[PDB]
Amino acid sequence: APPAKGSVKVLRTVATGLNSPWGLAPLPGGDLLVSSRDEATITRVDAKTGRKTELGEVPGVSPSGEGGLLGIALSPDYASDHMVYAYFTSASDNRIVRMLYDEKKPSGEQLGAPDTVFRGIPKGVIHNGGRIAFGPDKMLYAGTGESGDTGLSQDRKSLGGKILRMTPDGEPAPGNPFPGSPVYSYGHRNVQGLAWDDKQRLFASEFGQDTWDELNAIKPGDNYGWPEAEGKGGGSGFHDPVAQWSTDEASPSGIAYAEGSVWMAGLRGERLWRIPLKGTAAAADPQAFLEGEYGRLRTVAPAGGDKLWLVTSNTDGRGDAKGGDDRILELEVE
């Protein structure tokens, strides 16, 4: 369905001056919530003006290296329950909490005390994963990393190097591949992107080491090969990527599905990748857009129809931040 050749138009800059923006949760009314990894804040961005409101600081966050306040996601029933979920690196682990958001409260006081729904994910200075999202099945999904310990990914008993699927209350999701376990898929290095297509099939981005970054089509119980395999050609028993990229051209974090393609934000690549899909295969060659125009790109989210939100990441410790960084852009895509 999507054309082989795509396009990306930057309609406008929506907001500026964000610090280490990471998680992005589009609100029903058109506004955005954005987390800061290193400041541990969640901030509301007014879509029209770019005006920023600090909701508050998430308690218990311990930023260091790639860890800190990471993915955020609205409850599937957010419109009525006003619950915001957050994945973050604590003193001891990575974990997921939920907080009651009340926009009628003073700035800084808008987040209720966190309810911890899931704990115990391995942490390190690197490879903490951190992207969370609710699937069309109303279950909570989380990408993790192996924390720099390559031995965790293949170990079904370790929460490191996995995609997890749980109830919103933090219990293993009914119908998961392994009895009593929140593990959905394994053999992952570091996963910071999740998105579903129109047929409710999950895709995930992944950072490779020095050779191949990945876009994977995720099936429950499948083994994506890390650390014995990296990129395509993993061998029998391993599930290969839909597409792979050199680490200098990608190093991908967030992904979004829109207009029949996966859109993938590249950090080191400083570019937005388009992967048009036919079923769970690439329909045509992936194409990159915006290379070096806005620096590092971390997060991309659907804004409805042919529109995307895109978040830069030049303030995350590995960029050269320019005046006004980091920013959110509005894109119109094909």
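In this text, residue numbers run from 1 along the sequence as written.
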Return whichever of 190-198 and 226-234 has the greater mean Cα B factor according to the PDB record.
-> 226-234
Could you check the entry and say whether 77-85 or 100-108 has the higher mean CA B-factor?
-> 100-108
Among 284, 308, 272, 32, highest Cα B-factor in the entry goes to 284
Candidate residues 265, 47, 288, 40, the one whose C-alpha B factor the record puts highest | 47
Entry-reported C-alpha B-factor of residue 178 relative to its chain, by third, is highest
Entry-reported Cα temperature factor of residue 240, expressed as the chain third it lands in = middle
Just say lowest, middle or highest third for the CA B-factor of residue 90 relative to the other modelled residues in its chain.
-> middle
Looking at the C-alpha B-factor of residue 24, is it in the lowest, middle or highest third of its chain?
-> lowest
Which third of the chain holds residue 218 when residues are ordered by C-alpha B factor: lowest, middle or highest?
-> lowest
